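# Fold and geometry: a report
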Amino acid sequence: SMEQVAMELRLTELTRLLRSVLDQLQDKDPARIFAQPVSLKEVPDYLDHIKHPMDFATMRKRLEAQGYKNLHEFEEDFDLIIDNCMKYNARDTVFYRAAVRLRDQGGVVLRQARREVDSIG
């Protein structure tokens, strides 16, 4: 149908905007701490601690399959990256601290993304 096509164009354009959001948030992690999944070879107990692992590569795979329907879904995955790290790692670690800085700097980006998603519809 033509309605299905219009819906698909809307999803495509959200995907475009989320790709730009992802790139901007990933720039706030210049150490690449969050770039890839925590390795279960290197952290064998990880899944005993963290039930829903997340990382920027996994988000990018979902994004490119157009698997984010709305900005809330995308934000949920970004908050998992941060929240997982802040539980597994102690406050005195470069990992925890990187997550704090990513959360603080990402908030700015996400605030305007929400306005753009609502504004453009």
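Structure determination for this PDB entry is given in the record as X-ray crystallography, at a resolution of 1.3900 Å.

The PDB entry lists the protein under the name Bromodomain-containing protein 1, from Homo sapiens.

Within the protein, the secondary structure is distributed over 5 helices and 0 strands. By its C-alpha atoms, the protein is 50 × 30 × 20 Å across when sized along the principal axes. For the protein, the share of sequence-separated contacts (at least 6 apart) that also reach a separation of at least 24 residues comes to 64%.

Evaluation of the coordinates by the stated rule reveals 6 salt bridges. The partner of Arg19 in a salt bridge is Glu64, with the nearest N and O atoms 2.7 Å apart. Highlighted residues: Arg19 in helix α1 (residues 2-27) and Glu64 in helix α3 (residues 56-64), separated in sequence by 45 residues. Linking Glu73 and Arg62 is a salt bridge whose minimum nitrogen-to-oxygen distance equals 3.2 Å. Remark: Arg62 occurs in helix α3 and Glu73 occurs in helix α4 (residues 71-88); sequence separation between them is 11 residues. Residue classification places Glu73 among the partly exposed positions, given a relative accessible area of 25%. Owing to a relative accessible area of 32%, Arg62 belongs among the partly exposed residues under this scheme. Through salt bridges with shared partners, one network takes in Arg62, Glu73 and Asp77.

In this section: the packing of aromatic side chains. Under the counting rule described, the total for this entry stands at 3 aromatic pairs. Note on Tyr46 and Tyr88: the rings are 5.2 Å apart at their centroids and 70° apart in plane angle, and the pair reads as edge-to-face. Within this pair, whereas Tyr46 is found in helix α2 (residues 46-49), its partner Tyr88 is found in helix α4, the two being separated by 42 residues in sequence. Overall, the relative accessible area of 6% leaves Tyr46 in the buried class.

Below, the discussion takes up the environment of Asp77. Secondary-structure assignment places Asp77 in helix α4. On the basis of relative accessibility, which here comes to 8%, the residue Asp77 falls in the buried class. Discounting chain neighbours no more than four positions away, the residues touching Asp77 are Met54, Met59, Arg62 and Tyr68.

What counts and how
Residues numbered from 1 in each chain as written, not as in the entry; some residues may be left out. Heavy atoms only, no water. Residues with missing side-chain atoms left out of burial classes, pairs and counts. Helix = DSSP H or I, 4+ residues; strand = E, 2+ residues; numbered from the N terminus. Contact = heavy atoms within 4.5 Å. Salt bridge = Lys/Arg side-chain N within 4 Å of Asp/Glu carboxyl O. Buried < 20%, exposed > 50% of the residue type's maximum accessible area, 1.4 Å probe, protein only. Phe/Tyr/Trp six-rings, centres within 6.5 Å; stacked < 30°, edge-to-face > 60°.

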